Amino acid sequence: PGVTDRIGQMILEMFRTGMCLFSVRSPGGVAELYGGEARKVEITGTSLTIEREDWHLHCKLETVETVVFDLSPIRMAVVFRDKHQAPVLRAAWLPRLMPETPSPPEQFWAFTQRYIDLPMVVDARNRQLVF
Amino acid sequence: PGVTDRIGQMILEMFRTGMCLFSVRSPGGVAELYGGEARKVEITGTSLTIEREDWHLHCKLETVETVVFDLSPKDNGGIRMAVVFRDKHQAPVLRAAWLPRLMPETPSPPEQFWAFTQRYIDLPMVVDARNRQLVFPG
């Protein structure tokens with residue numbers, strides 16, 4: 001509901017920064033999507049759709065049960081999980097795609113901080129790595 | 001083995017036609033990939049990798065148990081031309097859909113799709129669910 005709103009918003013925000021690698025995983029394949037500029041964005045009900053010229057991402061936000069904020073040795077990822085804990089979607093931040101200043105972990109901390117409010121969020125951020 | 005080589009060969013050839021939509025499906029998301037020119041292609045044992053400027057596809061060919069060739073009418077009207085790679089549980093691991101808008105106007109999309117897939121019909125793991133009527137009225 002309102003969570004689904006927030007989730008969608010979080011995904012749209014991450015996308016537009018252009019610093020993220022979005023990945024969708026089936027039982028035998030994974031798709032990796034880059035970009036920060038959409039030809040089309042759409043939130044119809046509980047469905048999120050992002051369209052670039054040569055890739056489209058469709059997400060069923062209602063399936064999302066947990067959101068993991070990972071920051072470990074350094075990987076910075078946000079992981080959207082099924083009700084059976086299966087990843088429906090993964091957003092990984094990449095330092096190569098991120099300005100030198102501030103520090104990549106600072107940028108990612110600053111972002112995740114806006115969102116730790118959410119009940120289904122699960123904080124796995126190693127703060128010691130940011131400061 | 002040599003099978004794995006042909007599966008990979010098939011995916012690559014479909015990609016190179018540029019008339020396909022590849023899709024990968026998680027339990028609550030699907031990515032749809034377009035284009036027919038890669039900057040980088042890579043085969044590593046049973047893994048295939050296709051990279052364009054803003055998307056990469058990785059496929060663990062070993063998980064492919066059956067390849068469904070589907071040519072059949074959609075309910076909304078229109079013709080479905082898809083290749084579906086499925087694992088041991090019939091979970092789709094990858095899908096290549098063919099798109100009339102990205103294909104020549106002649107011969108008919110159904111004929112082009114038929115000719116391409118026919119080349120692979122002898123593969124033991126292929127499941128031929130193409131309706132012949134849509135190509136050869138008879």
Side-chain angles (χ1 to χ4, degrees), chain A residues 3-26 29-43 46-99 102-127 129-130, chain B residues 23-33 51-58:
Chain A
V3 283
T4 261
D5 279 359
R6 252 285 185 97
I7 298 305
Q9 162 185 155
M10 192 192 322
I11 299 180
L12 281 179
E13 178 167 359
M14 300 203 276
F15 166 75
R16 291 169 180 154
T17 74
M19 289 152 41
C20 283
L21 169 50
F22 281 91
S23 87
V24 177
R25 169 183 303 282
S26 81
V30 26
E32 294 176 316
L33 318 175
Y34 308 73
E37 246 274 350
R39 308 250 247 108
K40 196 254 267 293
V41 171
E42 175 181 336
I43 289 171
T46 46
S47 304
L48 178 50
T49 294
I50 299 177
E51 299 196 345
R52 286 198 70 180
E53 181 179 16
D54 73 358
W55 65 252
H56 300 172
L57 172 55
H58 299 276
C59 182
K60 279 180 283 204
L61 307 167
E62 74 287 348
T63 66
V64 173
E65 201 76 8
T66 31
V67 183
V68 178
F69 288 6
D70 192 34
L71 187 94
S72 54
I74 59 195
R75 79 169 65 258
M76 301 160 290
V78 184
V79 189
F80 302 80
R81 292 192 126 101
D82 203 16
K83 54 201 289 188
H84 312 302
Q85 295 270 225
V88 309
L89 181 76
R90 164 180 290 263
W93 300 51
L94 299 179
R96 73 162 167 277
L97 307 186
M98 309 165 67
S103 90
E106 292 162 21
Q107 319 188 19
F108 174 82
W109 184 261
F111 174 89
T112 53
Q113 205 71 343
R114 256 109 69 174
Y115 284 100
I116 6 160
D117 322 301
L118 245 277
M120 71 180 66
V121 159
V122 165
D123 187 353
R125 300 166 308 155
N126 184 347
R127 190 177 130 99
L129 311 179
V130 170
Chain B
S23 95
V24 177
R25 190 179 284 281
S26 77
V30 28
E32 288 173 318
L33 308 168
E51 308 188 339
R52 300 197 74 216
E53 199 189 344
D54 74 357
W55 68 252
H56 302 163
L57 170 65
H58 302 269

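Letters A, B, ... mirror the listed sequences (proteins, then strands); counts begin at 1. Quick note: numbers below take in every heavy atom, side chains included, and nothing from hydrogens, waters or symmetry partners.
- The side-chain heavy atoms of A/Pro95 and A/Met76, taken from C-beta on, include a pair separated by under 4.5 Å.
- Between A/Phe22 atom CZ and B/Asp54 atom CG the span is 13.0 Å, to the nearest 0.5 Å.
- Using a 4.5 Å cut-off on side-chain heavy atoms (C-beta onward), A/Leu97 and A/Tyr34 make contact.
- Taking CG from A/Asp123 and CG from A/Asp70, the interatomic distance works out to 10.0 Å, rounded to the nearest 0.5 Å.
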| Given A/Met120 and A/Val64, is the side-chain contact (heavy atoms from CB on, under 4.5 Å) satisfied, shown in steps? | CA-CA 9 Å; A/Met120 71 180 66; A/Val64 173; 4.2 Å; yes
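- Between A/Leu129 and A/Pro105 there is no side-chain heavy-atom pair separated by less than 4.5 Å.
- The nearest pair of heavy atoms linking B/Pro27 to A/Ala86 is CG-CB, 3.9 Å.
- Atom CZ of A/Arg90 sits about 11.5 Å away from atom SG of A/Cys20, to the nearest 0.5 Å.
- Counted within 6.0 Å of CD on A/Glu106, heavy atoms from surrounding residues, nucleotides or ligands total more than 12; the atom is thus considered enclosed.
- Here A/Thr49 contributes atom OG1 and B/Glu32 contributes atom CD; the two are 8.5 Å apart, rounded to the nearest 0.5 Å.
- For A/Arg81, the CZ atom counts as densely surrounded, since its 6.0 Å shell holds more than 12 non-hydrogen atoms of other residues, nucleotides or ligands.
- Looking at A/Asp5 and A/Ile43, their side chains never come closer than 4.5 Å, going by heavy atoms from C-beta outward.
- The two atoms that bring A/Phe69 and A/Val121 nearest to each other are CZ-CG2, 3.9 Å, heavy atoms only.
- Heavy atoms of other residues, nucleotides or ligands lying less than 6.0 angstrom from CD of A/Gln113 number more than 12.
- The main-chain N or O of B/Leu57 is never found under 3.5 Å from a side-chain atom of B/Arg52 such that the two would form a donor-acceptor pair.
- Using a 4.5 Å cut-off on side-chain heavy atoms (C-beta onward), A/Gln107 and A/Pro99 make contact.
- Using the six-membered ring where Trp is involved, B/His56 and B/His58 have ring planes that are perpendicular, over 60° apart on the 30 and 60° scheme.
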| task | Run the numbers on A/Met10 and A/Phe80 for side-chain contact (heavy atoms from CB on, under 4.5 Å), then give the verdict. | result | CA-CA 11 Å; A/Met10 192 192 322; A/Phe80 302 80; 4.3 Å; yes
| task | Please report the C-alpha distance between A/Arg16 and A/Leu12 in whole Å, then the side-chain angles of each, then the deciding distance to 0.1 Å, and finally whether the side-chain contact (heavy atoms from CB on, under 4.5 Å) criterion is met. | result | CA-CA 6 Å; A/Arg16 291 169 180 154; A/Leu12 281 179; 4.3 Å; yes
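- Side-chain atoms of A/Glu62 do not come within 3.5 Å of backbone N or O of A/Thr4 as any donor-acceptor pair.
- Under the 4.5 Å side-chain criterion, counting only non-hydrogen atoms from C-beta, A/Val24 is not in contact with B/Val30.
- Counting heavy atoms from C-beta outward, A/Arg6 and A/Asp117 have side chains that approach closer than 4.5 Å.
- The aromatic rings of A/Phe108 and A/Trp93 lie perpendicular to each other, with more than 60° between the two planes, well past the 30° mark.
- A distance of 12.5 Å separates OG1 in A/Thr46 from CD1 in A/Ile7, rounded to the nearest 0.5 Å.
- Minimum interatomic distance between A/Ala124 and A/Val68 (heavy atoms only, all atoms of both residues): CB-CG1, 4.3 Å.
- Annotation for A/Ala91 and A/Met14: closest pair CB-CE, 3.7 Å, computed over non-hydrogen atoms.
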| request: Take A/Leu71 and A/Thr112, measure what side-chain contact (heavy atoms from CB on, under 4.5 Å) needs, and give me the verdict at the end. | output: CA-CA 10 Å; A/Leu71 187 94; A/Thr112 53; over 6 Å; no
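- Of the possible polar contacts, none joining the A/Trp55 side chain to the A/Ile50 backbone as a donor-acceptor pair under 3.5 Å is found.
- Put simply, CD on A/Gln85 and CD on A/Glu65 are 9.0 Å apart, with the number rounded to the nearest 0.5 Å.
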